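Read the single chain below, which is given as structure tokens and is the form deposited in one PDB entry.
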């Protein structure tokens, strides 16, 4: 072949923390099809938003939005339990089909994005240059999002474990634990990574008895 039709930029979705998660890499030859399973981020969440992105930046807001749609009707479940399979499918014609399917109900929603959508050649080359220019700042953002996300998971799991512990947890530990939870919930709202790590560390240091109780319970 003298040519190849290729994706000039990565294609993906926005995920927890405001980051772009890539489903099809930059420079993939078409046709191609890739899927990844995602879940809900909150207890009893009934809908998830699929925001389709094109570009190479780590911050979703720094990429080109190709559109969005919601999958609703998700049944009541703890965060992290439902399985929403997201498929990016680019056919021979260069048309992008993005689908989200709830694996429990088999309910599906789709967006179709024609071959001419997204960034033009001038914008693609600016995108490529910016991603390279900003590699370092993008890495810092990605490390912060990972920290915040782990903090959020620890916040919620620890709250659940306090409840299941009930009376087994000494009153003094519950006091120490609840204060550190408030402090971490506050810190998660900012973008100071060190502060999140410090509240996470305070939690770990005061939760040792809770931890033993939770392990014992299962």
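Basically, rigid core = biggest C-alpha set you can superpose within 1.5 Å across the two forms. Numbering follows the first chain given and starts at 1.
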For 164 to 172 versus 56 to 64, entry-based mean Cα B-factors point to 164 to 172
When mean C-alpha B-factors in the record are compared for 186 to 194 and 153 to 161, the larger belongs to 186 to 194
Note to self: of 95, 98, 71, 124, the C-alpha temperature factor tops out at 124
Scanning 145, 81, 115, 84 for peak Cα temperature factor in the entry gives 115
For residue 47, the third of its chain by CA B-factor is the lowest
Chain thirds by Cα B factor, record data; residue 28 belongs to the highest
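One more form of this protein, deposited in another entry, exists but is not displayed; see below.
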Mover between the shown form and the other one (rigid core aligned, C-alpha >= 2 Å shift), picked from 26, 64, 33, 159, is 159
